[PDB]
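Below is start07.cif, which holds mmCIF, C-alpha atoms.
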```cif
data_upload
#
loop_
_atom_site.label_atom_id
_atom_site.label_comp_id
_atom_site.auth_asym_id
_atom_site.auth_seq_id
_atom_site.Cartn_x
_atom_site.Cartn_y
_atom_site.Cartn_z
CA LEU A 4 -15.85 83.54 262.20
CA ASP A 5 -17.79 86.74 262.96
CA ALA A 6 -14.82 88.96 262.03
CA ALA A 7 -14.47 86.92 258.83
CA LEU A 8 -18.12 87.64 257.91
CA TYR A 9 -17.63 91.40 258.41
CA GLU A 10 -14.76 91.31 255.90
CA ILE A 11 -16.80 89.21 253.46
CA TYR A 12 -19.72 91.66 253.84
CA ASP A 13 -17.34 94.47 252.82
CA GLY A 14 -16.41 92.41 249.75
CA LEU A 15 -20.07 91.90 248.81
CA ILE A 16 -20.70 95.66 248.76
CA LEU A 17 -17.47 96.45 246.90
CA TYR A 18 -17.92 93.94 244.07
CA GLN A 19 -21.65 94.68 243.75
CA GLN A 20 -20.69 98.30 243.03
CA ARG A 21 -17.76 97.21 240.81
CA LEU A 22 -20.23 95.31 238.58
CA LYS A 23 -21.90 98.65 237.75
CA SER A 24 -18.75 99.64 235.78
CA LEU A 25 -19.25 96.61 233.48
CA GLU A 26 -22.42 98.31 232.14
CA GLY A 27 -22.12 99.24 228.45
CA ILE A 28 -19.82 96.39 227.36
CA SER A 29 -22.67 94.45 225.70
CA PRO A 30 -26.50 94.55 225.77
CA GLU A 31 -26.58 90.75 226.23
CA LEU A 32 -24.63 91.00 229.52
CA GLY A 33 -26.69 93.95 230.84
CA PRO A 34 -29.60 91.96 232.32
CA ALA A 35 -27.21 89.37 233.81
CA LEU A 36 -25.19 92.10 235.55
CA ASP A 37 -28.28 93.88 236.88
CA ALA A 38 -29.95 90.71 238.21
CA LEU A 39 -26.69 89.69 239.91
CA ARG A 40 -26.30 93.13 241.55
CA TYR A 41 -29.89 93.08 242.87
CA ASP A 42 -29.52 89.52 244.23
CA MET A 43 -26.21 90.48 245.88
CA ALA A 44 -27.89 93.52 247.46
CA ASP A 45 -30.56 91.24 248.96
CA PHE A 46 -27.87 88.86 250.25
CA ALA A 47 -25.95 91.74 251.87
CA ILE A 48 -29.15 92.79 253.67
CA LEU A 49 -29.51 89.21 254.93
CA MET A 50 -25.89 89.10 256.17
CA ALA A 51 -26.46 92.47 257.86
CA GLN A 52 -29.40 90.90 259.73
CA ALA A 53 -27.25 87.92 260.72
CA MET A 54 -24.47 90.05 262.23
CA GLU A 55 -26.78 92.42 264.13
CA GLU A 56 -28.82 89.54 265.60
CA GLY A 57 -25.80 87.30 266.28
CA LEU A 58 -24.36 84.27 264.46
CA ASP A 59 -24.68 81.93 267.47
CA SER A 60 -28.41 82.78 267.74
CA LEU A 61 -29.26 82.09 264.06
CA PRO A 62 -32.09 79.58 263.55
CA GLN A 63 -31.82 76.78 260.98
CA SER A 64 -34.55 78.31 258.79
CA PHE A 65 -32.53 81.53 258.45
CA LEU A 66 -29.33 79.65 257.60
CA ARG A 67 -31.21 77.64 254.96
CA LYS A 68 -32.57 80.85 253.39
CA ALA A 69 -29.05 82.34 253.35
CA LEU A 70 -27.51 79.16 251.92
CA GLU A 71 -30.18 78.99 249.21
CA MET A 72 -29.54 82.62 248.25
CA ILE A 73 -25.73 82.43 248.09
CA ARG A 74 -25.77 79.22 246.01
CA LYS A 75 -28.13 80.78 243.46
CA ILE A 76 -25.87 83.86 243.31
CA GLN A 77 -22.80 81.63 242.90
CA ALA A 78 -24.45 79.83 239.97
CA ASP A 79 -25.36 83.16 238.33
CA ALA A 80 -21.83 84.50 238.93
CA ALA A 81 -20.40 81.42 237.20
CA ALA A 82 -22.77 82.02 234.27
CA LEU A 83 -21.57 85.64 234.01
CA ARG A 84 -17.94 84.44 233.97
CA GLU A 85 -18.74 81.97 231.18
CA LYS A 86 -20.52 84.64 229.10
CA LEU A 87 -17.60 87.08 229.49
CA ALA A 88 -15.28 84.32 228.23
CA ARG A 96 -12.35 96.45 229.05
CA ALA A 97 -13.23 92.77 228.52
CA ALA A 98 -10.15 91.54 230.43
CA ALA A 99 -10.86 93.95 233.30
CA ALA A 100 -14.45 92.66 233.48
CA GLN A 101 -13.14 89.08 233.73
CA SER A 102 -10.84 90.10 236.60
CA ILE A 103 -13.76 91.60 238.54
CA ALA A 104 -15.91 88.52 237.81
CA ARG A 105 -13.09 86.22 238.98
CA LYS A 106 -12.61 88.10 242.27
CA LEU A 107 -16.40 88.25 242.73
CA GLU A 108 -16.63 84.45 242.45
CA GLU A 109 -13.88 84.00 245.06
CA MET A 110 -15.64 86.37 247.48
CA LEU A 111 -18.98 84.57 247.00
CA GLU A 112 -17.27 81.25 247.80
CA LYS A 113 -15.92 82.80 251.03
CA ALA A 114 -19.48 83.83 251.94
CA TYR A 115 -20.64 80.27 251.27
CA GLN A 116 -17.91 78.78 253.48
CA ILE A 117 -19.00 81.01 256.40
CA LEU A 118 -22.59 79.78 256.11
CA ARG A 119 -21.52 76.16 255.56
CA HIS A 120 -19.56 76.34 258.81
CA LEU A 121 -22.42 77.96 260.76
CA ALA A 122 -24.92 75.36 259.50
CA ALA A 123 -22.69 72.44 260.57
CA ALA A 124 -22.05 73.91 264.06
#
```

Could you write out this structure as structure tokens?
Amino acid sequence: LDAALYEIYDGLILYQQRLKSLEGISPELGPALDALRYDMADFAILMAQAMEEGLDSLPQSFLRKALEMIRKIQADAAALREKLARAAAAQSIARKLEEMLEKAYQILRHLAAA
């Protein structure tokens, strides 16, 4: 589970940076991309805190904060996907992003039900 979170953390950073290449496709998508990148950056910081402290030692309040954050990001990622539907490449990144965010959710879902 811990090793799985390290790999998902790597995904968060990768796809957050990959979203920066979608800039310039449309002015309507700009603010959606930026907000998503900044929220993902905050979530990565939170997952960094979780790993360094220890997943077995995480309090319920922390897990609730993390679950709240990832679900909001997942909703916003879905909205980005819907708006996108260069364009094809953006959809591929958005698709892989969604999958990675779901993996992050499943880690936290498992920790919360432990």

- request: Spell out the residues picked by the PyMOL selection byres ((chain A and resi 28) around 12) here, as a list in words.
  value: residues 22, 23, 24, 25, 26, 27, 29, 30, 31, 32, 33, 34, 36, 86, 87, 96, 97, 98, 99, 100 and 101 of chain A

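Of the listed residues A:112, A:85, A:45, A:59, the one whose atoms come nearest to residue 11 of chain A is A:112, with distances taken using all atoms listed in the file.
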
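Closest to residue 110 of chain A among A:80, A:53, A:35, A:66 is A:80, based on only C-alpha atoms.
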
task: Spell out the residues picked by the PyMOL selection byres ((chain A and resi 72-74) around 12) here, as a VMD selection string.
output: chain A and resid 15 39 41 to 50 65 to 71 75 to 81 108 110 to 119

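For the pair atom CA of residue 40 of chain A and atom CA of residue 102 of chain A, the separation is 16.5 Å.
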
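Taking atom CA of residue 52 of chain A as the reference point, atom CA of residue 120 of chain A is found at 17.6 Å.
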
Missing atoms of segment 81-100 of chain A rebuilt to N, CA, C and O atoms, written as a tab-separated table (two decimals), in the frame of the given file:
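Output (rebuild.tsv):
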```tsv
chain	number	residue	atom	x	y	z
A	81	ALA	N	-21.09	82.34	238.10
A	81	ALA	CA	-20.40	81.42	237.20
A	81	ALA	C	-20.88	81.59	235.76
A	81	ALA	O	-20.08	81.54	234.83
A	82	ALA	N	-22.19	81.78	235.59
A	82	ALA	CA	-22.77	82.02	234.27
A	82	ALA	C	-22.24	83.31	233.64
A	82	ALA	O	-21.96	83.36	232.45
A	83	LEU	N	-22.12	84.36	234.46
A	83	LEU	CA	-21.57	85.64	234.01
A	83	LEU	C	-20.13	85.47	233.53
A	83	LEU	O	-19.75	85.98	232.48
A	84	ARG	N	-19.32	84.76	234.33
A	84	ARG	CA	-17.94	84.44	233.97
A	84	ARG	C	-17.83	83.71	232.63
A	84	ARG	O	-16.96	84.03	231.81
A	85	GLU	N	-18.71	82.74	232.42
A	85	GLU	CA	-18.74	81.97	231.18
A	85	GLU	C	-19.13	82.82	229.98
A	85	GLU	O	-18.57	82.66	228.89
A	86	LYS	N	-20.09	83.73	230.17
A	86	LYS	CA	-20.52	84.64	229.10
A	86	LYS	C	-19.43	85.65	228.73
A	86	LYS	O	-19.24	85.95	227.55
A	87	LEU	N	-18.72	86.17	229.73
A	87	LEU	CA	-17.60	87.08	229.49
A	87	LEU	C	-16.49	86.40	228.69
A	87	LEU	O	-15.87	87.02	227.83
A	88	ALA	N	-16.24	85.12	228.99
A	88	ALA	CA	-15.28	84.32	228.23
A	88	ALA	C	-15.92	83.81	226.95
A	88	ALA	O	-15.39	83.99	225.86
A	96	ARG	N	-11.08	96.42	228.35
A	96	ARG	CA	-12.35	96.45	229.05
A	96	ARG	C	-12.87	95.05	229.35
A	96	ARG	O	-13.34	94.78	230.46
A	97	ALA	N	-12.77	94.15	228.37
A	97	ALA	CA	-13.23	92.77	228.52
A	97	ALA	C	-12.39	92.00	229.55
A	97	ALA	O	-12.93	91.26	230.37
A	98	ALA	N	-11.07	92.18	229.49
A	98	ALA	CA	-10.15	91.54	230.43
A	98	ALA	C	-10.35	92.04	231.86
A	98	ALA	O	-10.29	91.26	232.81
A	99	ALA	N	-10.59	93.35	231.99
A	99	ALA	CA	-10.86	93.95	233.30
A	99	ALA	C	-12.17	93.44	233.90
A	99	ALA	O	-12.27	93.26	235.12
A	100	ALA	N	-13.17	93.23	233.05
A	100	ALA	CA	-14.45	92.66	233.48
A	100	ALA	C	-14.28	91.22	233.99
A	100	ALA	O	-14.90	90.84	234.98
```
